[PDB]
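**Student:** For reference, the file work_20.txt (compact mmCIF, C-alpha atoms) is included below:
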# COMPACT_ATOMS: atom_id res chain seq x y z
CA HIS M 557 130.62 123.00 177.61
CA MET M 558 133.21 120.35 176.78
CA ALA M 559 136.31 121.78 175.09
CA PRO M 560 138.82 123.49 177.45
CA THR M 561 139.88 127.14 177.41
CA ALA M 562 142.63 128.63 175.25
CA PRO M 563 145.90 129.45 177.10
CA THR M 564 146.32 133.18 177.73
CA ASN M 565 149.11 135.56 178.70
CA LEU M 566 151.89 133.63 176.94
CA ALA M 567 155.52 134.53 177.57
CA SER M 568 159.16 133.56 177.09
CA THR M 569 161.71 133.03 179.87
CA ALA M 570 164.86 131.11 178.93
CA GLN M 571 165.91 131.23 175.28
CA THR M 572 169.28 130.18 173.86
CA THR M 573 170.57 129.97 170.28
CA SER M 574 168.64 126.75 169.62
CA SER M 575 166.43 125.75 172.55
CA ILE M 576 163.66 128.00 173.90
CA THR M 577 161.37 127.78 176.93
CA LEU M 578 157.79 129.06 176.86
CA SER M 579 155.49 129.79 179.80
CA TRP M 580 151.77 130.57 180.00
CA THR M 581 148.67 130.49 182.21
CA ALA M 582 147.03 127.08 182.55
CA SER M 583 143.44 126.61 181.40
CA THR M 584 140.75 127.41 183.97
CA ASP M 585 139.31 123.98 183.17
CA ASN M 586 140.96 120.60 183.72
CA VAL M 587 138.14 118.05 183.69
CA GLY M 588 139.55 116.29 180.64
CA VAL M 589 142.57 118.30 179.55
CA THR M 590 145.89 116.47 179.21
CA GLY M 591 148.46 118.77 177.63
CA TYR M 592 149.13 121.74 175.36
CA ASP M 593 150.51 122.34 171.87
CA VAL M 594 152.94 124.98 170.63
CA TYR M 595 152.44 126.41 167.14
CA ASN M 596 155.43 127.73 165.20
CA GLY M 597 154.00 130.16 162.67
CA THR M 598 151.11 128.29 161.07
CA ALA M 599 152.02 124.66 161.76
CA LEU M 600 152.26 122.45 164.84
CA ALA M 601 155.72 122.46 166.43
CA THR M 602 156.52 120.99 169.86
CA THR M 603 154.22 119.30 172.37
CA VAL M 604 153.88 119.54 176.14
CA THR M 605 151.63 118.56 179.05
CA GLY M 606 152.79 120.88 181.81
CA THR M 607 153.12 124.65 182.12
CA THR M 608 156.18 125.07 179.91
CA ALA M 609 157.42 124.20 176.42
CA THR M 610 160.69 123.32 174.69
CA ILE M 611 161.45 124.03 171.03
CA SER M 612 164.71 122.88 169.44
CA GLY M 613 166.20 123.43 166.00
CA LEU M 614 166.18 127.22 165.69
CA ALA M 615 168.54 129.34 163.58
CA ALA M 616 170.07 132.43 165.19
CA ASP M 617 169.29 135.99 164.08
CA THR M 618 165.80 134.95 162.96
CA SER M 619 162.20 135.82 163.86
CA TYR M 620 160.04 133.10 165.41
CA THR M 621 156.38 133.35 166.41
CA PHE M 622 155.07 130.85 168.95
CA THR M 623 151.70 130.10 170.53
CA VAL M 624 149.86 127.55 172.68
CA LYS M 625 146.75 125.40 172.29
CA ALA M 626 145.03 123.33 174.99
CA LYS M 627 143.68 119.92 173.97
CA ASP M 628 141.35 117.33 175.48
CA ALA M 629 141.35 113.52 175.49
CA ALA M 630 138.06 113.36 173.59
CA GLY M 631 138.64 115.40 170.45
CA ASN M 632 138.27 118.93 171.79
CA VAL M 633 140.78 121.73 171.21
CA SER M 634 140.80 125.35 172.40
CA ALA M 635 141.91 128.52 170.62
CA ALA M 636 145.44 129.83 170.06
CA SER M 637 147.18 132.14 172.52
CA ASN M 638 148.93 135.44 171.81
CA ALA M 639 151.80 135.37 169.32
CA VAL M 640 155.20 135.73 170.98
CA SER M 641 157.76 137.28 168.62
CA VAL M 642 161.09 136.01 169.95
CA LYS M 643 164.41 136.65 168.21
CA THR M 644 166.93 133.80 168.45
Starting from the file, lay out its structure as structure tokens.
**Tutor:**
Amino acid sequence: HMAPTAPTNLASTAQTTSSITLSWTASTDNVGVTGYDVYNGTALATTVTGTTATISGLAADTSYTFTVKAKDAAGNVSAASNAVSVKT
């Protein structure tokens, strides 16, 4: 029992024609966790450390799948959250 839990119940609140804001439930564990990571498709995108996320550089009228991954300051990462299909 070292690595944290994978963020669950992801969602999307504010989303413009370039910048988007993601929200999700924090990990039940926080003994070594520092921040989260947002995946855009199959590669790492933006990075955060709170309960939200900001992704810039997004073309309009396009499909974008995002997710979240909790990390630890010791080399321990959790699983990926649900894929959020947002249309910019």
**Student:** From the list M:619, M:575, M:587, M:625, which residue is nearest residue 605 in chain M when using all atoms listed in the file?
**Tutor:**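 Of the candidates, the smallest distance to residue 605 in chain M is held by M:625.
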**Student:** Smallest atom-to-atom distance to residue 571 in chain M: which of M:639, M:616, M:624, M:633, using only C-alpha atoms?
**Tutor:**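 Ranked by minimum distance to residue 571 in chain M, first place goes to M:616.
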**Student:** Tell me, in Å to one decimal, how far CA of residue 629 in chain M is from CA of residue 560 in chain M.
**Tutor:**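 Interatomic distance, CA of residue 629 in chain M to CA of residue 560 in chain M: 10.5 Å.
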**Student:** Counting only C-alpha atoms, what is within 12 Å of residue 631 in chain M, bar same-chain residues fewer than 2 positions away, as number ranges by chain?
**Tutor:** M: 558-560, 588-590, 626-629, 633-634
**Student:** Would you mind listing what lies within 9 Å of residue 608 in chain M as number ranges by chain, with only C-alpha atoms counted and same-chain residues fewer than 6 positions away left out?
**Tutor:** M: 577-580
